[PDB]
Amino acid sequence: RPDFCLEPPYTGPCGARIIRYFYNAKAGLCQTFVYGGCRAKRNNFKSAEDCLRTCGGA
Amino acid sequence: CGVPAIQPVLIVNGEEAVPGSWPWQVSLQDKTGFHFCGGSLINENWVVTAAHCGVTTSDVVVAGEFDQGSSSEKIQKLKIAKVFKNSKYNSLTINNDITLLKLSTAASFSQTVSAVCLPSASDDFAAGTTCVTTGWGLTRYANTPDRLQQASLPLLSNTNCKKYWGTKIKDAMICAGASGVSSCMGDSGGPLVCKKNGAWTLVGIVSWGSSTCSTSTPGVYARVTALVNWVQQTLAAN
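Quick note, the sequences are listed as chains B and A, same order.
As numbered in the authors' numbering, residues 1 to 58 make up the first sequence, in order.
As numbered in the authors' numbering, residues 1 to 10, 16 to 146, 149 to 245 make up the second sequence, in order.
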């Protein structure tokens with residue numbers, strides 16, 4: 001799996017409160033986090049399904 | 001516009022607002038009622054917010070709200086007909102961070118629901134001018152406060168702002184704060200208003216800033232004077 005899947009979630013500098021998903025390698029699943037709205041890193045998905053299909057097993 | 005039926009009495018380190026004293030403040034929520042951004046009514050059919058909020062026609066505009074934790078509170082849940090994101094919004098630099106929302110059904114203006122005034126492209130709000138920002142964003146950098156918050160803060164000169172943010176400050180941005188208060192997660196899209204001949208006028212839209220909502224760091228807002236011509240043009244065409 002891509003190494004970006006191992007990066008902690010990144011909220012960014014914008015001030016929004018947008019629900020996104022990130023893969024948590026320690027737990028083995030995708031979890032929710034609050035995204036600020038701009039400069040998203042790659043371990044940031046709009047759905048748990050997209051996240052698992054991209055990072056599952058990392 | 002710009003004249004609340006209920007006068008206000010004058016976000017991290019801000020204070021609770023008088024219920025309904027910022028009648029143009031709206032809450033942008035998803036279909037489940039989850040608040041993700043703020044916005045400002047500019048008339049009965051349009052709301053102005055930030056482009057980074059990524060609003061869609063599946064989201065809703067909630068007007069006349071004060072306490073989001075109150076199920077009995079009377080509010081207006083308005084559907085969004087179309088979203089007009091400024092095509093010049095730069096997803097890299099965050100410049101031109103503005104989006105207009107056209108409501109499916111007009112909002113019913115009242116003592117707790119009305120519009121904020123828009124400035125003229127040539128308006129000059131001097132640095133040091135005390136303005137106000139409002140919203141339901143975090144009060145501590149965690150869940151959002153139930154009741155609408157507010158904070159008085161000074162506008163900063165671009166030179167002073169650049170002393171911290173350097174070249175990240177672009178032409179459609181205006182800074183304010185670094186004075187003991189700070190906008191924070193959930194405040195985006197909300198208003199930064201200053202008085203123009205006594206009427207509260209939209210000078211900025213909460214955009215970005217300190218990644219920890221530091222109260223000693225300049226907050227950055229979309230500069231409405233640099234984007235109002237686009238606003239008027241969009242309204243006139245729709």
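Beta carbons are placed, not taken as given, at the ideal position from N, Cα and C, and that holds for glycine.
* Thinking C-alpha only, which one of A:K202, A:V3, A:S186 and A:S218 is nearest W27 (chain A)? -> The closest CA to that of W27 (chain A), considering only A:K202, A:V3, A:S186 and A:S218, is found on A:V3.
* Short-range partners of chain B found in the stretch 162 to 191 of chain A, where Cβ spacing is below 7 Å -> The stretch 162 to 191 of chain A vs chain B, Cβ under 7 Å: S190 and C191.
* To do: Could you tell me if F41 (chain A) is buried or exposed, where buried requires 16 or more neighbouring beta carbons within 10 angstroms of its beta carbon?
  => Classified as buried, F41 (chain A) has 16 or more neighbouring CB atoms from the shown chains inside 10 Å of its CB.
* What's the call for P225 (chain A), buried or exposed, on a 16-neighbour Cβ count within 10 Å? -> Per the 10 Å Cβ criterion, buried.
* Asked: For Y228 (chain A) versus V213 (chain A), is the C-beta spacing smaller than 8 Å?
  -> Their beta carbons are under 8 Å apart, which means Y228 (chain A) touches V213 (chain A) by this criterion.
* In its own chain, which residues sit with a C-beta less than 7 Å from the C-beta of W215 (chain A), not counting the 5 before and 5 after it? -> Take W215 (chain A), set aside five residues on each side of it, and the residues of its chain with a beta-carbon closer than 7 Å to its own are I99 and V227, in chain order.
* Alpha-carbon to alpha-carbon, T54 (chain B) and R42 (chain B) -> One C-alpha to the other measures close to 10 Å.
* Give a yes or no on whether the minimum CB-CB distance between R20 (chain B) and chain A is below 8 Å. => Put simply, the CB of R20 (chain B) is far from chain A, with every gap to its CB atoms at 8 Å or more.
* **Reference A233 (chain A), options A:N91, A:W29, A:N50 and A:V67, closest by Cα** => For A233 (chain A), the nearest C-alpha among the options comes from A:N91.
* Going by beta carbon distance, what residues of the same chain come within less than 7 Å of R1 (chain B), once the five residues before and after it are set aside? -> For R1 (chain B), where only same-chain residues beyond five positions count, the Cβ hits under 7 Å are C55, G57 and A58.
* To do: Just tell me which of A:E20, A:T54 and A:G187 has its CA closest to the CA of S32 (chain A).
  => Among A:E20, A:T54 and A:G187, the Cα nearest to that of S32 (chain A) belongs to A:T54.
* **Within the stretch 86 to 111 of chain A, ranges of the beta strand (DSSP E) (whole runs, at least 3 residues)** => Secondary structure in the stretch 86 to 111 of chain A: the beta strand (DSSP E) runs of 3 residues or longer, each lying completely within the stretch, are 104 to 108 in chain order.
* Would a check of beta-carbon distances place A48 (chain B) closer than 8 Å to chain A? -> Nearest CB-CB separation between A48 (chain B) and chain A: not below the 8 Å threshold.
* Put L83 (chain A) into one of helix, strand or coil per three-state DSSP. => Three-state result, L83 (chain A): strand.
* Excluding the 5 residues preceding and the 5 following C136 (chain A) in the sequence, name in chain order all residues of the same chain whose CB lies nearer than 7 Å to its CB. => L160, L162, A183, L199, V200, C201 and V210.
* Asked: Would you report the Cα separation of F45 (chain B) and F22 (chain B), rounded to the nearest angstrom?
  -> In this model, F45 (chain B) and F22 (chain B) are separated by some 6 Å (Cα to Cα).
* Asked: Quick one: Cα of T138 (chain A) to Cα of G59 (chain A), how far?
  -> For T138 (chain A) and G59 (chain A), the distance between alpha carbons rounds to 21 Å.
* To do: Taking C-beta pairs closer than 8 Å, name the residues in chain B that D194 (chain A) reaches, listed in chain order.
  => Against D194 (chain A), the close residues of chain B are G15, in the order they occur along the chain (beta-carbon pairs closer than 8 Å).
* Where the alpha helix (DSSP H) through residue 88 (chain B) begins and ends -> This structure does not reach residue 88 (chain B), given that chain B is present from 1 up to 58, and the question cannot be answered.
* To do: Have a look at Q157 (chain A) and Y94 (chain A) and give me their C-alpha separation to the nearest angstrom.
  => Rounded to whole angstroms, the separation of the alpha carbons of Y94 (chain A) and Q157 (chain A) is 27 Å.
* Asked: Exposed or buried, which one is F39 (chain A) when buried takes at least 16 other CB atoms within 10 Å?
  -> Counting Cβ neighbours within 10 Å, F39 (chain A) comes out exposed, since fewer than 16 surround it.
* Going along the stretch 83 to 102 of chain A in order, which residues come within less than 9 Å of chain B, judged by CB to CB distance? -> Flagged, chain order: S96, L97, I99 and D102.
* **Neighbourhood of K177 (chain A) by C-beta, 6 Å cutoff - its chain only, sequence neighbours within 5 removed** => So the qualifying residues of the chain are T98 and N100.
* By Cβ distance, which residues of its chain are closer than 6 Å to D128 (chain A), with the 5 residues on each side in sequence left out? -> Excluding residues within five positions, the ones whose Cβ falls inside 6 Å are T232.
* How would you write the range of the beta strand (DSSP E) that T208 (chain A) sits in, first residue to last? -> That run of the beta strand (DSSP E) goes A206 to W215.
* Mind checking whether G15 (chain B) and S221 (chain A) have CB atoms under 8 Å apart? -> Taking C-beta atoms as the reference points, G15 (chain B) and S221 (chain A) fail to come closer than 8 Å.
* To do: Answer yes or no: does any C-beta atom of chain B fall closer than 8 Å to that of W29 (chain A)?
  => Not one chain B Cβ lies under 8 Å of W29 (chain A).
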